[PDB]
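Descriptive analysis of the structure
In case you want the letters, here they are:
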Amino acid sequence: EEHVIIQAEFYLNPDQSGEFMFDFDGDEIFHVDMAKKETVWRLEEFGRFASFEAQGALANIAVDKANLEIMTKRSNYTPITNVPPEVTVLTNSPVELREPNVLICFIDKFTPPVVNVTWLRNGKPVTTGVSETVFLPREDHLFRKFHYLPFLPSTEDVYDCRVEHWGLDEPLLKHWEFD
Amino acid sequence: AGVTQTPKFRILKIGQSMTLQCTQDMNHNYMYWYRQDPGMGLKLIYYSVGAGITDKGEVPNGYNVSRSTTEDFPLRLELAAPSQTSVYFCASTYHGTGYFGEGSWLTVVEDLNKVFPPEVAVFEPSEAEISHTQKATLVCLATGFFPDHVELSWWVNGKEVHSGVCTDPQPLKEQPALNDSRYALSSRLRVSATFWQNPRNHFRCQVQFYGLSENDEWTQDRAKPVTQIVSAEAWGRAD
Amino acid sequence: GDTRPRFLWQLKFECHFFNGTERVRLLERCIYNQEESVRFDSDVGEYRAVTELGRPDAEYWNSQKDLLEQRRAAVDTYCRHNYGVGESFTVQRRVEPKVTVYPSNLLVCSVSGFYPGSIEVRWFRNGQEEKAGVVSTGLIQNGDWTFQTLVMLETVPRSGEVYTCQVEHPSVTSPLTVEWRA
Amino acid sequence: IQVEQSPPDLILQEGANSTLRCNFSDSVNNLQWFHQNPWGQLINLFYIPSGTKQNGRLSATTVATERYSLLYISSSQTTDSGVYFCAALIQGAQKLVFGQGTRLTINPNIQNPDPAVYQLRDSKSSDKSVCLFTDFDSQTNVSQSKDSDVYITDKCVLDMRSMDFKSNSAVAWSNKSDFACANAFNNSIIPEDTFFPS
Amino acid sequence: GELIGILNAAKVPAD
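About the cut-offs
- Residues numbered from 1 in each chain as written, not as in the entry; some residues may be left out.
- Chains lettered and ligands numbered in written order.
- Heavy atoms only, no water.
- 1 Å grid on protein atoms, 1.4 Å probe; cavity = no way out; pocket = protein on both sides within 12 Å on 5 of 7 lines; lining within 4 Å.
- Points joined across faces, edges and corners; volume = space filled by probe spheres on them.
- Helix = DSSP H or I, 4+ residues; strand = E, 2+ residues; numbered from the N terminus.
- Nonpolar A, V, L, I, M, F, W, Y, C, P; charged D, E, K, R; others polar.
- Buried < 20%, exposed > 50% of the residue type's maximum accessible area, 1.4 Å probe, protein only.
- Contact = heavy atoms within 4.5 Å.
- Buried area = accessible area lost by both parts, 1.4 Å probe.
- Salt bridge = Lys/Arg side-chain N within 4 Å of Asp/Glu carboxyl O.
- Polar contact = N/O pair within 3.5 Å; in protein donor to acceptor, adjacent residues only side chain to side chain.
- Pairing = 2+ DSSP bridges.

For this deposition, the record names X-ray crystallography as the technique by which the model was determined and cites 2.80 Å as its resolution.

This is the structure:
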């Protein structure tokens, strides 16, 4: 092959939740902020080299919704089977002590597009620095996701990426220490 | 049925207001209103990608619009300014084809006394014509009407006719300077000389004018120019 | 806290690109709860139930001309068009690797922060290349248009010895090399 | 953005073929063609995103990858007269959007010109009357009156389908009384040999 | 810069 640009939509019935996004080799170009109804480019630059008028995509979700409600009925209210994610966690660059670096929480291979993510600096939640990707498609139709927490590396701190999903019986915590 | 929009014809007083309906049974999620000044491009006023979504077009001012249902896109003019005299057109599509309603001819006036029905007269072909072509053209003149909202038609022994007819698609102004010039329009029905020379045969120029309704106030001496038919007719001269 | 039965629909339009845009395929896909149920594939040129759930969606969609005519042009008007818009910052995005080496007796070549995914990383001992027991975590996609990977060499060093890590990537016309000495 | 219609005007003798043309920005796509007949009805002619579609006397080719469509018209008829618009959708925005158009005039091709001006009377009261200028060929044009208390309509084509015979005619009238059919049209350039009554 | 294009969801058939 060589390239692949996916226009990916879902709508998720009881949570009344939705997403419209564009993929390129499994990297978000942009998504639409349903709340705000505006393009959110994955990196600033994209917005300087392309634009995107979002009116059609907004309707698409409404149709995806109506469509879902019909399937729900036709399928005899067959619900989805929860699929737990695979949460690995590793660092941006070579973690050298006292040098700005970023932690990535890979949430891979999971279905329903719903997860609480919380980071834990020594076991105390911290939400200053955080950002995160939205829900990304996969071939099997499960979902990919990413959370960042940037930090100064120490000899002291444990960090955990605490993800909650209806697959797991208990939050998956994944330990990162500077080995 | 494609797209259906109503008032095909409206007269609307200055500062008054109004709603064009536009309705579509093909499940189109995309719908649009345009206005078109005579001899000009369609300019978009407002458009709607689905239920409860709407967006300003290139000229959204003095107009407003709603979309609570897939099927309808009403368009509201709040405050009729004279700049809003134009032809309005509704359209829908979704995956491909664009569909347009039959249009709405709105004229905005200072007052309703500006409105006049047509006077209609028929003139019978010349002997000269007959003797020379063995053919015979009837003419129908619809004069002094304002709004340009008329649909002229010809009837032979009580049946509508199309072969033979030609009607100006553009009406002229009795007073090309005057802003609300009253208008006039002509039509022709040409038949065989024998057809005309037969006195059992009977011809009617029938104009439908779209003027005022039961509601509009009427305060003058002359007769209310209501929506109405005006005619003139004639018969064969075997001489 | 707690919760209840979930129901999910997905619509993905995949544009696939071979050899620039010389061959293009559009794959339109519907998923209910992890079950694809109907698709449109420009090389088939019409919808197919993938399962019996989707059967009536195919039949109906296939019954409509403009839908079909639209999808069948999509390859040009939608896929090709967007390739054209994205090309310069997607197909042509170059971000150059950063390298390091270190021990954790085992050896680490860390290659990070780079983009497009393809990359080759070889291990060198005084010049002669080392094939045996290169451990490689494989290639990792960071979520932010940069990748990373780690390559290990299991060798107990001796003194003197110059182990070098060579790295090759389409963002640098020349190989990136970074050496280590015990 | 935009849609750029090639010829801004086109006038042909019936039976002729026409090529109309439209180029469009990479911002819009999915190209359609409409006919606006001269009573302003907006007909759809094709949806034509890519490739060729044909429909009786009409076909259109869109080279999607080059951002232009051609609408061809065999054996054009006088009834195909009016304005033709290529339309398109803005990508993402879903705005239906329109070129400036092409005015098309298809002239009847008149075999046996017999140009003339007759007087017709009102079938009610002989006083009132009109002047008919008729059977000129499609190369003749009619000027809007110099005396603007006098009214000349534009020429229009009538089809006597019975005889497969088309004639052009114009109408001039007025309620002055220096106005006569002798001089109704000497404001227009009128064929050498026009037949003149009484 | 230039506009990214979409393709619109086909509506499933009504109940």
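Once you've had a look at it, read on.
Within this model, the largest cavity holds a volume of roughly 130 Å³. Along its surface, the largest cavity is lined by 16 residues, and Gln70 of chain C, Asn30, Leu89 and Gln94 of chain D together with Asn8 of chain E are the ones closest to its centre. The volume enclosed by the second largest cavity comes to roughly 90 Å³. Forming the boundary of the second largest cavity are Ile5, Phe22, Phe24 and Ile29 of chain A, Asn82, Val85, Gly86, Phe89 and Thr90 of chain C together with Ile4 of chain E. If you tally residues by element for the lining of the second largest cavity, the top one is helix α3 (residues 74-86) of chain C, at three residues. Tallied by class, the residues present in the lining of the second largest cavity amount to seven nonpolar, three polar and no charged.

In this section: α3 of chain C. Most of α3 of chain C sits inside the fold, with 11 of its 13 residues counted as buried. If you check which residues of α3 of chain C are buried, you get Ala74, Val75, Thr77, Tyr78, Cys79, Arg80, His81, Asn82, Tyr83, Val85 and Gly86 of chain C.

All right, on to the interface of chain A and chain C then. Listed per partner, the contact involves 63 residues of chain A and 46 residues of chain C. Buried surface at the junction of chain A and chain C, summed over both partners, amounts to about 4,800 Å²; 59% is from carbon and sulfur atoms. Here chain A and chain C share three salt bridges between them. In this structure, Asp57 of chain C and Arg74 of chain A form a salt bridge, with 2.8 Å as the shortest nitrogen-oxygen distance. On inspection of chain A and its partner chain C, the count reaches 27 residue pairs in polar contact. Of all the elements in the fold, those that place two or more residues in the side of chain A that touches chain C are β1 (3-12), β2 (17-24), β3 (28-33), α1 (44-49), α2 (55-74), β6 (86-91), β7 (101-110) and β12 (143-151) of chain A. No other element matches the 10 residues that β1 of chain A contributes to the side of chain A that touches chain C. Considered class by class, the residues forming the side of chain A that touches chain C number 33 nonpolar, 15 polar and 15 charged. In terms of strand pairing, β1 of chain A meets strand β1 (residues 8-18) of chain C through 10 bridges, oriented antiparallel. In the strand pairing of β1 of chain C, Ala8 of chain A is matched with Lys12 of chain C.

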